[PDB]
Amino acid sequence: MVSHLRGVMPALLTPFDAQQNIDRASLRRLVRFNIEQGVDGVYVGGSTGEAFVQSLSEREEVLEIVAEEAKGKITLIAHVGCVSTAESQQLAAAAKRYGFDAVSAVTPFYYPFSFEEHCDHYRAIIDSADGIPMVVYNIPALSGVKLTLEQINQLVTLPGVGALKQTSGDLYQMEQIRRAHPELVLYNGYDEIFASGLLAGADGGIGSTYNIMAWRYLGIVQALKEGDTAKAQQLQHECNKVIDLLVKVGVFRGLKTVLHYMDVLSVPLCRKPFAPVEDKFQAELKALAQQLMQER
């Protein structure tokens, strides 16, 4: 009863203005741009949205704006996760008020928590979400949390959990999760292995690079559905040429810079301590924006 959550959803970036304040006008334009890429949903306030250098009120502000542009048109998922359970609950209650279709929360980090503490954290947020489903979000590389398969199985069967965001490159585990849970909504988290992650059992994806080239990932979905192995590989090749460059320049600010050159974002800054893009990369990023716009 949550199959409406399956698909390809950009992890929304949060545009900032020249003084590191939220750029509300560019945020609305980014939502509209992603809708017009034909995505299945948007994922708001995640790591990629620079949530962990924003206050709670800033995160709520972003959630409400995105709901204003996109409620009813595409699926809306609110990443409400903080280290604090009480802070996460406040964002879940807000997401509910604004009409989101699901909430999500990263495994709480920095401090070591027991597995039962993780489960109670999710249970508390689910209660505050007041009837909209929860997406468990697994990103061991950044969170430092290293869950076992059996712990993942317990999380995805918690009452109120409707999906798993699997930000892991271990595609044995992806296949095991799919085999244990054939109906589970299972998002591939690393864009650079999207085609292989779908083959291993994911049925969708949440990704930062979908903000600039969602049609490629939709094309990978279509290629594997149609049985065009070689087209899925060629599309993944092109995605990874782009990801190579983004890793070199810095991923969030590279994506925001490409979006600026596509006339989507007025100002491409990340918040400190992220530095601005080095001048020597600007030509490459502008050429990529031009390439991507022509490819459409």
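A residue's number is simply how far along the shown sequence it sits, counting from 1. In this text, rigid core is short for the largest set of C-alphas that superpose within 1.5 Å between two forms.
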With the rigid core held as the alignment frame, decide whether 163-171 or 136-144 lies farther from the shown form in 5 other deposited structures of this protein, in terms of RMS C-alpha distance.
136-144
Using only the Cα atoms and their B-factors as the entry lists them, report which of 181-189 and 142-150 averages higher.
142-150
Look up the CA B-factors in the entry and say which stretch, 46-54 or 226-234, has the higher mean.
226-234
From 202, 103, 93, 171, the top C-alpha temperature factor is at 93
Third of chain Cα B-factors occupied by residue 165:
lowest
Looking at the temperature factor on the CA atom of residue 217, which third of the chain's modelled residues does it land in?
middle
Lowest, middle or highest third: where is residue 41 by Cα B-factor in its chain?
middle
For residue 197, does the deposited CA B-factor place it in the lowest, middle or highest third of the chain?
lowest
B-factor third for the C-alpha atom of residue 260 within its chain:
middle
